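Inspection log for the structure reproduced underneath, given as structure tokens.
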Amino acid sequence: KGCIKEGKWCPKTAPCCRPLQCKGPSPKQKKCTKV
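Numbering (PDB author numbering), first residue to last: 1 to 35.
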């Protein structure tokens, strides 16, 4: 499935696409955010 795009759920420092840092307001809503 390629990589993890923004808006998708991902763990800490997960294998994001590139621009995403894999952040999130909480562990239950941890999604890949772009900077």
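Think of the CB as a built atom: it goes at the ideal place given N, C-alpha and C, for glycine as much as any other residue.
Mind checking who residue i pairs with in its DSSP beta bridge?
i   : result
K5  : Beta-bridge pairing links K5 to no other residue.
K31 : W9
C16 : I4
On the CB-based measure, 16 or more other CB atoms within 10 Å of its CB, does residue i come out buried or exposed?
i   : result
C16 : buried
In its own chain, which residues sit with a C-beta less than 8 Å from the C-beta of residue i, not counting the 5 before and 5 after it?
i   : result
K30 : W9, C10, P11, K12, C22, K23, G24
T33 : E6, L20, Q21, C22, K23, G24
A14 : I4, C22, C32
Just checking residue i against the ligand PLP - is the residue's beta carbon closer than 6 Å to any of the ligand's heavy atoms?
i   : result
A14 : Among the ligands in the structure shown, none appear at all, so the ligand PLP cannot be discussed.
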